[PDB]
K.L.:
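Dropping a structure here in structure tokens format, bear with me for questions.
Every chain is numbered from 1, with letters handed out A, B, ... down the list of sequences.
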Amino acid sequence: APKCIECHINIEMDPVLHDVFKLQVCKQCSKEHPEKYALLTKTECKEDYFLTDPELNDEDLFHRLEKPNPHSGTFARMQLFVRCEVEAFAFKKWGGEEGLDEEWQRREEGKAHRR
Amino acid sequence: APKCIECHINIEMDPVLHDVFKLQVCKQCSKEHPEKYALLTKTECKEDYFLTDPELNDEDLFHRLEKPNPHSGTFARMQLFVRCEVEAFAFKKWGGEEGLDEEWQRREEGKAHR
DNA sequence: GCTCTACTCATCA
DNA sequence: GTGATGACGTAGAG
Ligand SMILES: [Zn+2]
Ligand SMILES: [Zn+2]
């Protein structure tokens with residue numbers, strides 16, 4: 001019977017992380033390691049990792065979970081990504097965590113300059 | 001015996017202008033009146049009339065004729081619009097021809113002031 | 001801490 | 001005189 005990849009103890013995996021994100025990770029371990037397993041909105045992915053719509057809209061590149069938009073079901077559905085996937089992608093895109101920092105620096109100098 | 005709306009004489013209408021653009025206009029009169037009847041590419045519509053992709057892509061709004069892209073059939077199809085439709089939309093959007101020149105004006109000042 | 005689309009230009013197609 | 005899409009962004013309206 002397969003064990004959770006963090007704790008190596010649990011055999012009941014988080015249904016979302018397992019079914020949607022293909023991760024053999026229990027619910028308690030997901031909460032204990034948000035740096036790998038937290039679900040991020042589309043908007044959070046753009047803000048946090050500077051990924052673009054084309055990257056995030058690409059069905060081949062990321063797993064994702066859709067939910068009704070929490071402001072209204074008539075609005076476009078919310079889209080949730082798993083941190084470890086979007087982070088891996090962004091580290092490749094920008095040159096590691098330091099890469100991302102660099103890009104953080106640059107955009108804020110812009111917004112400073114633009115005032 | 002239905003007649004061209006420009007010349008009131010010809011009965012044989014330009015097949016593109018009639019079939020595609022719903023205009024009861026002969027080929028000769030289409031050539032004699034490019035201010036109404038010329039076909040303009042999607043690119044020319046953006047450059048000439050400051051129409052945007054959303055406007056030009058809206059199938060409800062304009063009639064259009066597609067053709068293979070002249071640079072290569074593997075590229076996106078060429079899209080042709082008729083002047084009188086594009087222009088009327090643009091005049092509506094920008095406030096007349098003067099409106100359009102004002103916007104022409106505004107944009108060149110950008111390229112200068114950049 | 002919601003998301004899509006719309007508002008100059010290059011490039012590749 | 002070819003066209004779609006993607007970029008330093010950001011506000012609306014959904
Ligand atoms: Zn576990
Ligand atoms: Zn005629």
Side-chain angles (χ1 to χ4, degrees), chain A residues 31 34-35 38-62 64-83 86 89-90 93-95 99-115, chain B residues 31 34 37-62 64-83 86 89-90 92-94 99-100 102-105 107-112 114:
Chain A
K31 289 157 162 255
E35 73 282 358
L39 302 186
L40 299 174
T41 70
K42 196 166 191 172
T43 307
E44 287 178 311
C45 297
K46 302 194 273 191
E47 283 179 9
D48 293 355
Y49 300 106
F50 310 129
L51 301 185
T52 64
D53 271 344
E55 286 158 351
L56 291 164
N57 286 344
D58 187 328
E59 318 258 46
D60 298 342
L61 197 44
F62 298 112
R64 73 190 200 237
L65 181 61
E66 303 196 344
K67 299 273 156 199
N69 192 291
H71 298 270
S72 160
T74 69
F75 302 179
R77 287 180 296 275
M78 177 167 63
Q79 295 195 154
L80 302 170
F81 297 80
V82 74
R83 189 172 307 254
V86 136
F89 184 92
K93 178 173 190 192
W94 297 114
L100 182 55
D101 280 52
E102 281 188 298
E103 190 65 30
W104 186 66
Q105 308 207 208
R106 183 199 79 82
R107 297 155 174 240
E108 301 246 67
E109 265 127 25
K111 178 154 47 48
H113 172 101
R114 290 192 305 279
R115 312 153 196 163
Chain B
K31 297 336 194 188
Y37 304 114
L39 302 192
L40 300 172
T41 63
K42 202 184 193 161
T43 309
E44 290 170 315
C45 298
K46 298 195 267 199
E47 280 174 11
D48 295 357
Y49 296 106
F50 311 129
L51 299 192
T52 60
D53 274 327
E55 293 169 339
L56 294 161
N57 283 345
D58 186 337
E59 308 215 90
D60 285 349
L61 195 48
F62 298 110
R64 60 179 211 253
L65 176 61
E66 301 193 346
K67 299 268 162 207
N69 191 294
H71 295 276
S72 166
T74 69
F75 299 177
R77 290 186 295 272
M78 180 167 63
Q79 297 181 171
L80 306 172
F81 298 78
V82 73
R83 188 166 268 128
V86 184
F89 182 90
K92 213 194 82 197
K93 174 180 198 194
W94 292 120
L100 183 43
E102 295 186 340
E103 181 70 33
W104 187 57
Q105 163 185 71
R107 299 183 185 213
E108 292 275 60
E109 288 152 2
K111 267 185 186 168
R114 294 182 320 268

K.L.:
Flag the pair B:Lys46 / B:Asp53 as yes when at least one side-chain heavy-atom distance between them is below 4.5 Å, and no otherwise.
P.N.:
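In contact.
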K.L.:
Below the 4.0 Å mark, does D:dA4 have OP1 or OP2 next to a side-chain nitrogen or oxygen of B:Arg77?
P.N.:
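For D:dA4, neither OP1 nor OP2 has a side-chain N or O of B:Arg77 closer than 4.0 Å.
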K.L.:
Between A:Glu47 and A:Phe50, which heavy-atom pair has the shortest distance, and what is it?
P.N.:
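Closest approach of A:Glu47 to A:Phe50: O-CE2, 3.6 Å.
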K.L.:
Is the distance from OP1 or OP2 of C:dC4 to the nearest side-chain N or O of A:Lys42 less than 4.0 Å?
P.N.:
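Result: yes.
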K.L.:
Do B:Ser72 and B:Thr74 have a side chain donor and acceptor closer than 3.5 Å?
P.N.:
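The answer is yes; a qualifying pair exists.
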K.L.:
How long is the line joining CG of A:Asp48 and P of C:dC2, in whole Å?
P.N.:
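Going from CG in A:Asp48 over to P in C:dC2 covers 13 Å.
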K.L.:
If I take atom CG in residue B:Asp53 and atom P in nucleotide C:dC4, what distance separates them, rounded to the nearest angstrom?
P.N.:
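Interatomic distance, CG of B:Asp53 to P of C:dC4: 19 Å.
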K.L.:
Considering heavy-atom distances to DNA chain D, does B:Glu44 or B:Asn57 have its closest nucleotide positioned more toward the 5' end?
P.N.:
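Result of the comparison: B:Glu44.
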K.L.:
Identify whether any heavy atom of B:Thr43 sits under 4.0 Å from a base atom; if not, whether one sits that close to sugar-phosphate; answer base, sugar-phosphate or nothing.
P.N.:
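Touches a base.
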K.L.:
Can a salt bridge be assigned to the pair A:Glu109 and A:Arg106 using a cut-off of 4.0 Å between side-chain N and carboxylate O?
P.N.:
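The answer is no: the pair does not qualify as a salt bridge.
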K.L.:
Once you round it to whole Å, what is the distance between P of D:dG9 and CZ of A:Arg107?
P.N.:
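Checked: the CZ to P distance equals 4 Å.
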K.L.:
Quick one: label B:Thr52 by what it contacts on the DNA or RNA (base, sugar-phosphate, nothing), any heavy atom closer than 4.0 Å.
P.N.:
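Sugar-phosphate: the residue B:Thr52, judged by heavy atoms under 4.0 Å, touches backbone atoms but no base.
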K.L.:
Would you mind telling me which of D:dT10, C:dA6, C:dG1 lies closest to the side-chain atoms of B:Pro54?
P.N.:
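Of the candidates, C:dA6 comes closest.
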K.L.:
Please determine, for the side chain of A:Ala76, which listed nucleotide (D:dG1, C:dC9, C:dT3) has the closest atom?
P.N.:
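Nucleotide nearest to A:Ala76's side chain: C:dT3.
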K.L.:
Nearest-Å distance, CZ (B:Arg114) to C1' (C:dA10)?
P.N.:
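So the two atoms are 14 Å apart, to the nearest Å.
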K.L.:
Rounded to whole Å, how long is the line connecting atom CZ of A:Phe50 with atom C1' of D:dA7?
P.N.:
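Taking CZ of A:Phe50 and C1' of D:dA7, I get 15 Å after rounding.
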K.L.:
Tell me the interatomic distance from A:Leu51, atom CG, to D:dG9, atom P, rounded to whole angstroms.
P.N.:
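Rounding to the nearest Å, CG of A:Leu51 and P of D:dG9 are 13 Å apart.
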K.L.:
Determine the minimum heavy-atom distance between A:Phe62 and A:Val86, stating which atoms define it.
P.N.:
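For A:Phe62 versus A:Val86, the nearest heavy atoms are CE2-CG2, 3.7 Å.
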K.L.:
What I want to check is whether an N or O donor and acceptor connect the side chain of A:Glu47 with the base of C:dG1 at under 3.5 Å.
P.N.:
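Such a pair exists between side chain and base.
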K.L.:
Starting at CG of A:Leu40 and ending at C1' of C:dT3, how long is that distance when rounded to a whole Å?
P.N.:
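Atom CG in A:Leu40 sits about 15 Å away from atom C1' in C:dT3.
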K.L.:
D:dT2, D:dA7, D:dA4: which one has an atom nearest the side-chain heavy atoms of B:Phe75?
P.N.:
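Between D:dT2, D:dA7, D:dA4, the one nearest the side chain of B:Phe75 would be D:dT2.
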K.L.:
Between A:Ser72 and D:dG14, does any side-chain N or O lie under 4.0 Å from OP1 or OP2?
P.N.:
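No, outside the criterion.
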K.L.:
What is the distance, rounded to the nearest whole Å, between atom NZ of B:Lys46 and atom P of D:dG3?
P.N.:
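Checked: the NZ to P distance equals 8 Å.
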K.L.:
Need to verify one output field. Residue with the more 5' nearest nucleotide on DNA chain C, A:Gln79 or B:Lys93?
P.N.:
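Here A:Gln79 is the residue nearer the 5' end.
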K.L.:
Nearest of C:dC9, D:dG1, C:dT3 to any side-chain atom of A:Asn69?
P.N.:
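The listed nucleotide nearest to A:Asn69's side chain is C:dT3.
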